[PDB]
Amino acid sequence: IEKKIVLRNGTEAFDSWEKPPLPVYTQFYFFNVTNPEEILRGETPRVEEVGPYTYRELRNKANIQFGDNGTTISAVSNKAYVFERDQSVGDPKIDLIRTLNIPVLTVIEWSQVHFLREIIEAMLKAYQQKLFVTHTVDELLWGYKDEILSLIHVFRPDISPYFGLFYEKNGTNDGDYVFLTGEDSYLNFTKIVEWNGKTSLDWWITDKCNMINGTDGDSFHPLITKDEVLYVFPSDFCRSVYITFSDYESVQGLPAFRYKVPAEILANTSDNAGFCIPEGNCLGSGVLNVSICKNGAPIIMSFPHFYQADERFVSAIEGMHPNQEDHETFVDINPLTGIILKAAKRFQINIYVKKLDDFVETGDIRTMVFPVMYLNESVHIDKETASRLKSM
């Protein structure tokens, strides 16, 4: 019986959960817009993939507190990103990327939703902004000071003058989780019970879609069987998902089940209609409008190169060539212990753009989901730790 895989102060499983020994790497890839003026004149966008920009992660748990006679545990998961120049295609503090002006699109979308409408319209009218802007990779990723945000900031101090895809996400966590250890049962090991105090979400339509299912995805319950389905809640993705068995794999000298994210997760279906806000009206198979949880910005999640998506999402942006092996999302789990031996968590950030008559910033741009940057967050078990695990 494997009941030593339980988060108790004394077991080695707890120490690995507290301080993950395996290094995790996130790699950023950007889409450099080659014809901005022609896009504003209503022509088909043309982009170039640029990457990787590889960062090593520093993971740990903090504010660790037990409870309920040892059945529950609460903590926060801090995550930092240390840059690796030699594992990267270039220096991000020099390498420039030309892409959409996300701050102006954000505040344009705010104004259309009547949030600081007069102030935004006034500033935009006085200070002309460009729809396409060029910044360094370090700026786009970890923040830069924007004009319009700075002007709004003087009127509304709560509004940040700086914008970045991962702004202030270095050396920080993503809410206060409370997990469930495997004391009551091994099946509900590292299972999330609440997040930021609440037992479920409240920005999707159906109660079904707002449920917090499964684990964070850093580990799974022991003794996994081929037939079952594993639920994951990635906070950044703003919904629970699930992964199904694909095929058999061996990592080092260890057995592993290859579990992937299936097409059903972002499919245009009734099960996923609840995610399509407001009136159950969806953009199409293979995307997720996450504007509600990204503070009103017109941000659309997808898989890299619109993998597992409607063909028209690929035809809209010249430069998207999706294949399985490069863009799928998979995880190799040791069935016995439920430990991730290898994985590639991959997702893409897009921006919803459309022509506006009230705005000449938009020109005559087409209505489309415009890709900005996607990543590969990956892990791989090394020989020393694998051989350590192999013994048990």
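In this text, the rigid core denotes the largest set of C-alpha atoms whose superposition between the two forms falls within 1.5 Å. Position 1 is the first residue in the sequence shown; the rest follow in order.
- Of the two segments 150-158 and 176-184, the one whose CA positions lie farther from the displayed form in 5 other deposited structures of this protein, once all are superposed on the rigid core, is 176-184.
- The stretch that strays farther, by root mean square C-alpha distance over structures and residues in 5 other deposited structures of this protein after a rigid core fit, is 247-255, when 133-141 is set against 247-255.
- As recorded in the PDB entry, 222-230 is the stretch of 125-133 and 222-230 with the greater mean C-alpha temperature factor.
- In this crystal structure, the stretch out of 293-301 and 69-77 whose C-alpha atoms carry the higher mean B factor is 69-77.
- Highest CA B-factor among the listed residues (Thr244, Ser150, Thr99, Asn272): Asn272.
- Residues shown: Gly143, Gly319, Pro92, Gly280. Highest C-alpha temperature factor in the entry: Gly280.
- Per the deposited record, the Cα B-factor of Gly10 falls in the highest third when ranked against the other modelled residues of its chain.
- Per the deposited record, the Cα B-factor of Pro161 falls in the middle third when ranked against the other modelled residues of its chain.
- In the PDB entry, a CA B factor belonging to the middle third of its chain's modelled residues is recorded for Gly217.
- Remark: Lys342 belongs to the middle third of its chain, ranked by C-alpha B-factor as recorded.
- Split the chain's modelled residues into thirds by C-alpha temperature factor. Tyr177 is in the highest one.
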